[PDB]
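Worksheet: one structure, shown below.
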Amino acid sequence: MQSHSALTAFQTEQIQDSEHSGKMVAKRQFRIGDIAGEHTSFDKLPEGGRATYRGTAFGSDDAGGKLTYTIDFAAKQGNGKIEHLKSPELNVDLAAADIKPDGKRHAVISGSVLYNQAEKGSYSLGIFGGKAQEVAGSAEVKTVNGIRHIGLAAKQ
């Protein structure tokens, strides 16, 4: 009828200044901080979208893929779909998987992948070079047509 209301709120290691509340820095607080983008943006990735993760994911057979560049600087969801093989089934799409402050910069991203339909693959793409240079990685995509030991090489 005469009826309305609206509320919302959110923050993380992306929202400038709020960030101080977000990550660590200096605050009393309790037990609530970001623990998502802290080191992983800090590497030197700003709030923005698509960074340049250009690489190649050669198969144990080299029936491997290309690592297409798709990471939102916003948090560094370092993922890249593989879509360039003689068999459509071999197309490995990669899920968007984010990167907590693990071992600092967290030189791995625990991203699951699927062979068109078959989600029997785990990737481990990593970061180094601050802006993201040496996105050194591996996968172990495991199927009747899953050439596990993927040689992941990349440069930007």
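We label chains A, B, ... in the order they appear in the structure tokens, count residues from 1 in each chain, and number ligands from 1 in the order shown.
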Need the shell around stretch 36-44 of chain A: protein/DNA/RNA residues with any atom at most 10 Å away, counting only C-alpha atoms. Skip same-chain ones fewer than 5 positions apart. Format as a PDB file with C-alpha atoms, in the first residue's frame?
```pdb
ATOM      1  CA  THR A  12      36.190  -5.199   1.362  1.00  0.00           C
ATOM      2  CA  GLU A  13      39.798  -4.577   0.198  1.00  0.00           C
ATOM      3  CA  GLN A  14      38.635  -2.529  -2.810  1.00  0.00           C
ATOM      4  CA  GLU A  19      39.717  -0.332   3.464  1.00  0.00           C
ATOM      5  CA  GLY A  22      38.513  -3.496   6.001  1.00  0.00           C
ATOM      6  CA  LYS A  23      42.043  -4.979   6.170  1.00  0.00           C
ATOM      7  CA  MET A  24      44.230  -4.363   9.270  1.00  0.00           C
ATOM      8  CA  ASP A  72      39.534  -8.483 -11.881  1.00  0.00           C
ATOM      9  CA  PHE A  73      42.248  -6.414 -10.072  1.00  0.00           C
ATOM     10  CA  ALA A  74      39.384  -5.845  -7.570  1.00  0.00           C
ATOM     11  CA  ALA A  75      40.499  -9.095  -5.874  1.00  0.00           C
ATOM     12  CA  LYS A  76      42.672 -11.042  -8.451  1.00  0.00           C
ATOM     13  CA  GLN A  77      40.443 -13.943  -9.608  1.00  0.00           C
ATOM     14  CA  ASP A  98      39.285 -15.729  -5.575  1.00  0.00           C
ATOM     15  CA  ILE A  99      42.534 -15.472  -3.620  1.00  0.00           C
ATOM     16  CA  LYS A 100      42.648 -14.854   0.148  1.00  0.00           C
ATOM     17  CA  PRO A 101      45.857 -13.630   1.902  1.00  0.00           C
ATOM     18  CA  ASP A 102      47.310 -17.157   2.252  1.00  0.00           C
ATOM     19  CA  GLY A 103      51.119 -17.301   2.021  1.00  0.00           C
ATOM     20  CA  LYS A 104      51.182 -13.498   1.576  1.00  0.00           C
ATOM     21  CA  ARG A 105      50.506 -12.883  -2.166  1.00  0.00           C
ATOM     22  CA  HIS A 106      49.091 -16.466  -2.247  1.00  0.00           C
ATOM     23  CA  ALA A 107      51.072 -17.828  -5.212  1.00  0.00           C
ATOM     24  CA  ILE A 127      50.907 -14.771  -9.258  1.00  0.00           C
ATOM     25  CA  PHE A 128      54.287 -13.034  -9.071  1.00  0.00           C
ATOM     26  CA  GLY A 129      55.714  -9.679 -10.254  1.00  0.00           C
ATOM     27  CA  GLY A 130      53.426  -7.442  -8.174  1.00  0.00           C
ATOM     28  CA  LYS A 131      51.302  -6.067 -11.020  1.00  0.00           C
ATOM     29  CA  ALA A 132      51.069  -9.772 -12.055  1.00  0.00           C
TER      30      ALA A 132
END
```
What lies within 6 Å of residue A:109 using only C-alpha atoms, ignoring chain neighbours under 2 positions off, as a VMD selection string?
-> chain A and resid 99 111 124 to 126
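Atom CA of residue A:63 is positioned 22.6 Å from atom CA of residue A:134.
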Residues at most 12 Å from residue A:21, counting only C-alpha atoms, excluding those fewer than 3 positions away in the same chain, as a PyMOL selection string?
-> chain A and resi 10-18+24-35+38
In terms of only C-alpha atoms, the residue from A:108, A:154, A:97, A:92 at minimal distance from residue A:142 is A:92
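Atom to atom, atom CA of residue A:149 and atom CA of residue A:96 stand 20.9 Å apart.
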Just the residues within 9 Å of residue A:141, please, counting only C-alpha atoms, with nothing from its chain fewer than 6 positions along; format it as a count of residues only.
-> 14
Which residues are near residue A:80? Cut-off 10 Å, only C-alpha atoms, ignore same chain within fewer than 5 positions. Put them as a PDB file with C-alpha atoms, in the first residue's frame.
```
ATOM      1  CA  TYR A  53      47.178 -12.856 -17.669  1.00  0.00           C
ATOM      2  CA  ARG A  54      48.434 -13.892 -21.128  1.00  0.00           C
ATOM      3  CA  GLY A  55      49.727 -17.477 -21.043  1.00  0.00           C
ATOM      4  CA  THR A  56      49.537 -21.042 -22.365  1.00  0.00           C
ATOM      5  CA  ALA A  57      48.584 -24.301 -20.662  1.00  0.00           C
ATOM      6  CA  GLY A  65      44.933 -24.815 -23.992  1.00  0.00           C
ATOM      7  CA  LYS A  66      45.691 -21.089 -23.928  1.00  0.00           C
ATOM      8  CA  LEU A  67      45.384 -19.191 -20.618  1.00  0.00           C
ATOM      9  CA  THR A  68      43.074 -16.327 -21.583  1.00  0.00           C
ATOM     10  CA  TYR A  69      43.501 -13.140 -19.518  1.00  0.00           C
ATOM     11  CA  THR A  70      40.570 -12.647 -17.095  1.00  0.00           C
ATOM     12  CA  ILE A  71      41.379 -11.336 -13.593  1.00  0.00           C
ATOM     13  CA  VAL A  92      38.180 -26.486 -20.292  1.00  0.00           C
ATOM     14  CA  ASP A  93      36.249 -23.577 -18.880  1.00  0.00           C
ATOM     15  CA  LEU A  94      37.669 -22.240 -15.605  1.00  0.00           C
ATOM     16  CA  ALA A  95      35.485 -21.049 -12.711  1.00  0.00           C
ATOM     17  CA  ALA A  96      36.129 -17.598 -11.211  1.00  0.00           C
ATOM     18  CA  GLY A 111      40.163 -22.764  -9.233  1.00  0.00           C
ATOM     19  CA  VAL A 113      37.511 -26.253 -14.088  1.00  0.00           C
ATOM     20  CA  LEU A 125      47.310 -20.619 -11.202  1.00  0.00           C
TER      21      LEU A 125
END
```
Per-residue DSSP, chain A, filtered to strand (DSSP E), as an NGL selection string | :A and (55-58 or 65-67 or 92-94 or 112-115 or 118-125 or 137-141 or 148-154)
Just N, CA and C atoms for this one: save the residues we selected as an mmCIF file, in the first residue's frame.
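Saved to out_32.cif:
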```
data_model
loop_
_atom_site.group_PDB
_atom_site.id
_atom_site.type_symbol
_atom_site.label_atom_id
_atom_site.label_comp_id
_atom_site.auth_asym_id
_atom_site.auth_seq_id
_atom_site.Cartn_x
_atom_site.Cartn_y
_atom_site.Cartn_z
ATOM 1 N N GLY A 55 48.865 -16.312 -21.151
ATOM 2 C CA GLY A 55 49.727 -17.477 -21.043
ATOM 3 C C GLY A 55 49.221 -18.659 -21.855
ATOM 4 N N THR A 56 49.832 -19.820 -21.647
ATOM 5 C CA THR A 56 49.537 -21.042 -22.365
ATOM 6 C C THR A 56 49.724 -22.218 -21.415
ATOM 7 N N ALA A 57 48.817 -23.182 -21.546
ATOM 8 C CA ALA A 57 48.584 -24.301 -20.662
ATOM 9 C C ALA A 57 48.747 -25.570 -21.491
ATOM 10 N N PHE A 58 49.995 -25.943 -21.774
ATOM 11 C CA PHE A 58 50.282 -27.055 -22.671
ATOM 12 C C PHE A 58 50.067 -28.359 -21.928
ATOM 13 N N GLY A 65 45.692 -26.019 -23.732
ATOM 14 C CA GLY A 65 44.933 -24.815 -23.992
ATOM 15 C C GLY A 65 45.777 -23.553 -23.887
ATOM 16 N N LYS A 66 45.141 -22.415 -24.160
ATOM 17 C CA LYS A 66 45.691 -21.089 -23.928
ATOM 18 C C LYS A 66 45.137 -20.588 -22.593
ATOM 19 N N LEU A 67 45.931 -19.876 -21.783
ATOM 20 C CA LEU A 67 45.384 -19.191 -20.618
ATOM 21 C C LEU A 67 44.960 -17.802 -21.081
ATOM 22 N N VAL A 92 38.121 -26.578 -21.738
ATOM 23 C CA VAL A 92 38.180 -26.486 -20.292
ATOM 24 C C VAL A 92 37.800 -25.067 -19.931
ATOM 25 N N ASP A 93 36.570 -24.866 -19.462
ATOM 26 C CA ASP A 93 36.249 -23.577 -18.880
ATOM 27 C C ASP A 93 36.659 -23.600 -17.412
ATOM 28 N N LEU A 94 37.109 -22.451 -16.923
ATOM 29 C CA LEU A 94 37.669 -22.240 -15.605
ATOM 30 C C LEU A 94 36.692 -21.404 -14.784
ATOM 31 N N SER A 112 38.543 -24.540 -9.682
ATOM 32 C CA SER A 112 38.001 -25.733 -10.318
ATOM 33 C C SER A 112 37.630 -25.409 -11.772
ATOM 34 N N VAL A 113 37.702 -26.410 -12.652
ATOM 35 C CA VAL A 113 37.511 -26.253 -14.088
ATOM 36 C C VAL A 113 36.634 -27.392 -14.587
ATOM 37 N N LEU A 114 36.011 -27.232 -15.761
ATOM 38 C CA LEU A 114 35.180 -28.278 -16.337
ATOM 39 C C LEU A 114 35.468 -28.527 -17.815
ATOM 40 N N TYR A 115 35.629 -29.808 -18.164
ATOM 41 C CA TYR A 115 35.811 -30.284 -19.524
ATOM 42 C C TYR A 115 34.438 -30.312 -20.186
ATOM 43 N N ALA A 118 32.276 -31.939 -17.791
ATOM 44 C CA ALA A 118 32.864 -32.763 -16.745
ATOM 45 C C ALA A 118 33.757 -31.933 -15.823
ATOM 46 N N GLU A 119 33.236 -31.533 -14.657
ATOM 47 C CA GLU A 119 34.006 -30.802 -13.656
ATOM 48 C C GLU A 119 34.903 -31.767 -12.878
ATOM 49 N N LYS A 120 35.873 -32.376 -13.569
ATOM 50 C CA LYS A 120 36.915 -33.199 -12.979
ATOM 51 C C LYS A 120 38.243 -32.587 -13.354
ATOM 52 N N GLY A 121 38.408 -31.358 -12.898
ATOM 53 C CA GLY A 121 39.690 -30.703 -13.006
ATOM 54 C C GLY A 121 39.852 -29.587 -11.990
ATOM 55 N N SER A 122 41.013 -29.577 -11.348
ATOM 56 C CA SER A 122 41.475 -28.553 -10.440
ATOM 57 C C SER A 122 42.687 -27.872 -11.082
ATOM 58 N N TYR A 123 42.704 -26.538 -11.070
ATOM 59 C CA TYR A 123 43.837 -25.729 -11.490
ATOM 60 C C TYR A 123 44.482 -25.111 -10.252
ATOM 61 N N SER A 124 45.704 -24.621 -10.424
ATOM 62 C CA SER A 124 46.475 -23.906 -9.429
ATOM 63 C C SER A 124 47.284 -22.845 -10.174
ATOM 64 N N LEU A 125 46.631 -21.764 -10.607
ATOM 65 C CA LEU A 125 47.310 -20.619 -11.202
ATOM 66 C C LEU A 125 47.792 -19.733 -10.067
ATOM 67 N N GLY A 137 51.916 -21.310 -12.758
ATOM 68 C CA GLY A 137 50.740 -22.076 -12.421
ATOM 69 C C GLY A 137 50.961 -23.546 -12.705
ATOM 70 N N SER A 138 49.938 -24.336 -12.412
ATOM 71 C CA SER A 138 49.791 -25.669 -12.951
ATOM 72 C C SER A 138 48.300 -25.968 -12.952
ATOM 73 N N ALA A 139 47.911 -27.081 -13.558
ATOM 74 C CA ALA A 139 46.655 -27.740 -13.281
ATOM 75 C C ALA A 139 46.865 -29.241 -13.187
ATOM 76 N N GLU A 140 45.812 -29.944 -12.766
ATOM 77 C CA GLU A 140 45.724 -31.390 -12.857
ATOM 78 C C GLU A 140 44.318 -31.798 -13.298
ATOM 79 N N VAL A 141 43.972 -31.388 -14.508
ATOM 80 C CA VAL A 141 42.686 -31.680 -15.121
ATOM 81 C C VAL A 141 42.592 -33.186 -15.422
ATOM 82 N N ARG A 148 46.216 -34.284 -17.179
ATOM 83 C CA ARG A 148 46.549 -33.670 -15.892
ATOM 84 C C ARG A 148 47.687 -32.657 -15.927
ATOM 85 N N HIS A 149 48.927 -33.135 -16.073
ATOM 86 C CA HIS A 149 50.129 -32.329 -15.909
ATOM 87 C C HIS A 149 50.235 -31.257 -16.996
ATOM 88 N N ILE A 150 49.474 -30.180 -16.810
ATOM 89 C CA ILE A 150 49.466 -29.016 -17.668
ATOM 90 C C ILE A 150 50.667 -28.138 -17.319
ATOM 91 N N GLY A 151 51.528 -27.897 -18.307
ATOM 92 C CA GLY A 151 52.598 -26.928 -18.237
ATOM 93 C C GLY A 151 52.015 -25.542 -18.489
ATOM 94 N N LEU A 152 51.803 -24.794 -17.406
ATOM 95 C CA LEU A 152 51.248 -23.453 -17.427
ATOM 96 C C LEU A 152 52.406 -22.452 -17.435
ATOM 97 N N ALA A 153 52.648 -21.804 -18.579
ATOM 98 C CA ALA A 153 53.641 -20.745 -18.730
ATOM 99 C C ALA A 153 52.912 -19.462 -19.121
ATOM 100 N N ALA A 154 53.352 -18.297 -18.635
ATOM 101 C CA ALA A 154 52.646 -17.046 -18.869
ATOM 102 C C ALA A 154 53.593 -15.858 -18.751
#
```
Name the residues of chain A that fall into alpha helix (DSSP H) according to DSSP on the backbone, using the chain letters and numbers of this document, as a VMD selection string.
-> chain A and resid 18 to 22 38 to 42
With N, CA and C atoms retained, export the selected residues as an mmCIF file, in the first residue's frame.
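Result file is part_34.cif:
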```cif
data_model
loop_
_atom_site.group_PDB
_atom_site.id
_atom_site.type_symbol
_atom_site.label_atom_id
_atom_site.label_comp_id
_atom_site.auth_asym_id
_atom_site.auth_seq_id
_atom_site.Cartn_x
_atom_site.Cartn_y
_atom_site.Cartn_z
ATOM 1 N N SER A 18 37.524 3.099 3.410
ATOM 2 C CA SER A 18 36.794 2.052 4.121
ATOM 3 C C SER A 18 37.711 0.848 4.365
ATOM 4 N N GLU A 19 38.578 0.568 3.390
ATOM 5 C CA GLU A 19 39.717 -0.332 3.464
ATOM 6 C C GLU A 19 40.403 -0.355 4.842
ATOM 7 N N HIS A 20 40.592 0.805 5.482
ATOM 8 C CA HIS A 20 41.222 0.910 6.791
ATOM 9 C C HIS A 20 40.432 0.091 7.816
ATOM 10 N N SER A 21 39.104 0.247 7.799
ATOM 11 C CA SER A 21 38.234 -0.637 8.554
ATOM 12 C C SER A 21 38.434 -2.057 8.030
ATOM 13 N N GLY A 22 38.319 -2.238 6.712
ATOM 14 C CA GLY A 22 38.513 -3.496 6.001
ATOM 15 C C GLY A 22 39.697 -4.333 6.498
ATOM 16 N N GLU A 38 43.607 -8.470 1.106
ATOM 17 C CA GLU A 38 44.678 -7.781 1.823
ATOM 18 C C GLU A 38 46.025 -7.794 1.093
ATOM 19 N N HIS A 39 46.762 -8.912 1.103
ATOM 20 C CA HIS A 39 48.039 -8.956 0.408
ATOM 21 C C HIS A 39 47.808 -8.971 -1.107
ATOM 22 N N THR A 40 46.731 -9.634 -1.514
ATOM 23 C CA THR A 40 46.482 -10.089 -2.861
ATOM 24 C C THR A 40 46.159 -8.951 -3.837
ATOM 25 N N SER A 41 45.460 -7.907 -3.391
ATOM 26 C CA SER A 41 45.409 -6.625 -4.092
ATOM 27 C C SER A 41 46.751 -5.890 -3.926
ATOM 28 N N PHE A 42 47.197 -5.750 -2.669
ATOM 29 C CA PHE A 42 48.406 -5.028 -2.252
ATOM 30 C C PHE A 42 49.638 -5.341 -3.109
#
```
Given only C-alpha atoms as the counted atoms, nearest of A:116, A:2, A:143, A:52 to residue A:88 =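 Selected residue with least distance to residue A:88: A:116.
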